[PDB]
Amino acid sequence: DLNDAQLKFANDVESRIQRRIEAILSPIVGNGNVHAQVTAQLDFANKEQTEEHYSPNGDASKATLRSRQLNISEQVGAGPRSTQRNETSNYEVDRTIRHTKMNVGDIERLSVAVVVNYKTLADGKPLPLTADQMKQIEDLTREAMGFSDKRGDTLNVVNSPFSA
Amino acid sequence: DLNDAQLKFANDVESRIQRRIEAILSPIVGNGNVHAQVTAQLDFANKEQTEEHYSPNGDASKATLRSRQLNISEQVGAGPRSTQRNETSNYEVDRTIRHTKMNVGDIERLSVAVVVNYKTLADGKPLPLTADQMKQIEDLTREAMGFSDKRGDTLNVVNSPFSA
Amino acid sequence: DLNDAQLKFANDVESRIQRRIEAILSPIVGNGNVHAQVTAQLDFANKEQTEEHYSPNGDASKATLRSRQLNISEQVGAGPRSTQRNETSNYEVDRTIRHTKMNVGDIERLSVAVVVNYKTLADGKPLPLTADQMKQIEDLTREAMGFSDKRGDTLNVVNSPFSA
Amino acid sequence: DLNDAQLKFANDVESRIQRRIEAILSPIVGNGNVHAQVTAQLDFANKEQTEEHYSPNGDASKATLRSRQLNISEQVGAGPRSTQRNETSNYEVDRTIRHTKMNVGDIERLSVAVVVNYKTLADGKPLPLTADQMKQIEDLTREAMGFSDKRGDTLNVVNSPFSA
Amino acid sequence: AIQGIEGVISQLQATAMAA
């Protein structure tokens, strides 16, 4: 029931990422000379979070006060000195409440496998690509897939001649 | 259901960013001599936040007072001196409450992949572009995509001859 | 639903900024010899704010009083002196409450990309523009776009010959 | 009843992982020259979790205070010294409540078995593949299956000639 | 409660509007 809807959601996301990669990889490598497939680890767990933050007021310069009683006594007779300080302070503090409801269906970790073809010249020899072109393909695929390191995304692009 | 609406929202945003990039990249590079694709990491999490800020009043110059009782006693007989100061102060403080409801569907991180063609002169030789022109294309794409560093936007523009 | 309305709002704002830029850039550079595109980062977050400000009254010259009790005693017998001052003061303070509801749909950051053509004389040679003319175009575009530094606006105008 | 629905859910997930692997393994190894089967250990246990986190306030620099009473007494007569410090502090602490409902049907551990064929040249000799090609197949299968180490995923790809 | 803190922030927004 709901599981099938989630699976179809994942399939559509993967297909659209695949198409976005193919769109940029087509003009330079050529139609059919590139194949990519995407798998997506998604987030279907309902989470609700409330965050409370208090600004520190331990420093007297940023401390906000409402009432303060400072009783000071010094009975000098060091000799028979007698110092007494009774201090009472009531503070008002900064407060920030944030309520967050995470979206259901977010992407947790995306791994993408891309395979490119060789280059057959007018003679027909399948000449492999170069390192610079491979790096360009890797960068383009990283851009298309929305590659990020916090998610833990992995990308692998290899070059091999396609079969007949 | 709602996930499909969010996905269509993302697709429309990406398509419009793509079209905006293409619009400026067309007059100089030429029709079809430029291809770009956009992916958008969006924000579909409902957040509500209330912020409270208190202006500090620790300095006597900016401190606002309502009532103040200052009892001072000095019984000089340092000898048998006896100083006593009882101070009570009630303050009124500046207060700022901000209530914020973040919009659903905002952009978190935008990464854009752009590929340009080579230059075929009247002879037909695919002459590659220059560094200055590449920098101009990068700047134009950054302007079109709304490039920002707080979001974490990444842009990659590479030059390569298009396939037939 | 609402997201589409917000997107159309952004598109209309961007189109009108584009048209305003084109309107002034047309008479001097010429029809079609200028192309500009605008992207707008907008504010669709409902914010409500209440601000309270108290005028400081720590200086006796600007302090407003309602009731004041000053008991002073000096029993001179420094010898066996005995000074005692009990002071109680009730103040009335200036107060300013400001309630603000920010508009939904305001502009946060505007970045604009403008491209101009070269100058083809009667012979037909595409002569590039000059530094003074480029500075004039930059100033005119800044004026049209409502360029501001608090927002974080970025503008890029480059000169390049248009393609056929 | 529900068990059959869960089993069909597992079968669909396994079939889609199998198809994703086959899709990338087809262009290079060839149609029919690759066979893969997937088994999935799934999560059909309803879990509900509430998490509470308190920011530490043991350091006076990050400690937020509401009321503080500090009575200090020093009766010097080390001699007949008498120090007494009575300190009472009321704190306000940061608080974060997270409520999480894990999705039913998540993947716990995925193990995948892939078998590839040999290479029969124009002569017909079944030449085995190379180490580099085997490593490429392993990497592609890891990408397709969403291989992860936290889950405990295991992958085994072996090369052997297919039977008639 | 999480919903209780939601209600607290709601009453804070109410105070903001009232001011």
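Listed values, structure above:
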{"quantity": "Residues located in segment C:120-144, provided they are in a loop (DSSP other than H, G, I, E, B) and at negative phi", "calculated": "C:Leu121, C:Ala122, C:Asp123, C:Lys125, C:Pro128, C:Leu129, C:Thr130"}
{"quantity": "Index of the failed condition, A:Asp59 passing every other in (1) facing chain D (nearest Cβ under 7 Å); (2) surrounded by fewer than 18 Cβ atoms within 10 Å (Cβ to Cβ)", "calculated": "(1)"}
{"quantity": "Tally, over segment D:73-110, of residues that are exposed (fewer than 15 other Cβ atoms within 10 Å of the Cβ) and over 30 Å from A:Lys47 (Cβ atoms)", "calculated": "14"}
{"quantity": "Long-range neighbours under 9 Å by Cβ, at least six apart or interchain, first residue among the small types (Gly, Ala, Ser) within segment C:90-108, second assigned to a strand (DSSP E or B)", "calculated": "C:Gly105/C:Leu42; C:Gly105/C:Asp43"}
{"quantity": "Subset of segment B:51-102 [among the β-branched types (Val, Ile, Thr) and assigned to a strand (DSSP E or B)]", "calculated": "B:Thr64, B:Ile72, B:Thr83, B:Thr88, B:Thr96, B:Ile97, B:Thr100"}
{"quantity": "Hey, B:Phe162 within 10 Å of chain A (Cβ to nearest Cβ), surrounded by 17 or more Cβ atoms within 10 Å (Cβ to Cβ) and part of a loop (DSSP other than H, G, I, E, B) or not", "calculated": "yes"}
{"quantity": "In segment A:87-99, residue nearest to A:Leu65 (Cα to Cα) [restricted to those that are within 9 Å of chain D (Cβ to nearest Cβ) and of a type in the set (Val, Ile, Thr)]", "calculated": "A:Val93"}
{"quantity": "Odd one out for D:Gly146, checked against (1) closer than 30 Å to D:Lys8 by Cα; (2) touching a helix residue (DSSP H, G or I) at 6+ places or on another chain (Cβ under 7 Å); (3) not basic (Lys, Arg)", "calculated": "(2)"}
{"quantity": "Residue under evaluation B:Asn71, criteria (1) within 7 Å of chain A (Cβ to nearest Cβ); (2) more than 30 Å from A:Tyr54 (Cα to Cα), criterion not met", "calculated": "(1)"}
{"quantity": "Test: residue in segment C:107-119 that is within 11 Å of another protein chain (Cβ to nearest Cβ), touching a helix residue (DSSP H, G or I) at 6+ places or on another chain (Cβ under 7 Å), among the hydroxyl-bearing types (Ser, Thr, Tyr) and outside any loop (DSSP other than H, G, I, E, B)", "calculated": "yes"}
{"quantity": "Candidates C:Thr64, C:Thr83, C:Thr88, filtered to the one that is of a type outside the set (A, V, I, L, M) and more than 30 Å from B:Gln75 (Cα to Cα)", "calculated": "C:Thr64"}
{"quantity": "Residues within segment D:145-156 that are more than 14 Å from chain A (Cβ to nearest Cβ) and part of a strand (DSSP E or B), tallied", "calculated": "2"}
{"quantity": "Residues located in segment B:45-76, provided they are closer than 18 Å to B:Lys101 by Cα and of a type outside the set (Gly, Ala, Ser)", "calculated": "B:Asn46, B:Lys47, B:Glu48, B:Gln49, B:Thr50, B:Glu51, B:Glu52, B:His53"}
{"quantity": "Test: A:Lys8 is part of a strand (DSSP E or B) and within 13 Å of chain D (Cβ to nearest Cβ)", "calculated": "no"}
{"quantity": "Residues located in segment A:7-21, provided they are touching a strand residue (DSSP E or B) at 6+ places or on another chain (Cβ under 8 Å) and surrounded by fewer than 19 Cβ atoms within 10 Å (Cβ to Cβ)", "calculated": "A:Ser15"}
{"quantity": "Flag if A:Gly124 is within 7 Å of chain B (Cβ to nearest Cβ) and not hydrophobic (A, V, I, L, M, F, W, C)", "calculated": "no"}
{"quantity": "Selection within segment C:29-56 - within 14 Å of chain E (Cβ to nearest Cβ) and under 30 Å from B:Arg66 (Cβ atoms)", "calculated": "C:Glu48, C:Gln49, C:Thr50, C:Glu51, C:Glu52, C:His53"}
{"quantity": "Residue list for chain E, filter: closer than 15 Å to A:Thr50 by Cα and not in a helix (DSSP H, G or I)", "calculated": "E:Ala1"}
{"quantity": "Meets criteria (farther than 30 Å from E:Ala19 by Cβ, in contact with a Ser or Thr (Cβ under 9 Å, 6 or more places away or on another chain) and exposed (fewer than 11 other Cβ atoms within 10 Å of the Cβ)) for C:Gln69", "calculated": "yes"}
{"quantity": "Check on C:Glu87, of a type in the set (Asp, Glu) and under 21 Å from C:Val157 (Cα atoms)", "calculated": "no"}
{"quantity": "Test set (1) more than 30 Å from D:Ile137 (Cβ to Cβ); (2) surrounded by 12 or more Cβ atoms within 10 Å (Cβ to Cβ) - D:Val38 fails condition number", "calculated": "(1)"}
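Each value in this text was obtained by applying a stated rule to the coordinates, not by laboratory testing. Here the Cβ is made from the backbone with ideal geometry for all residues, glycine too, and neighbour counts use every protein chain on show.
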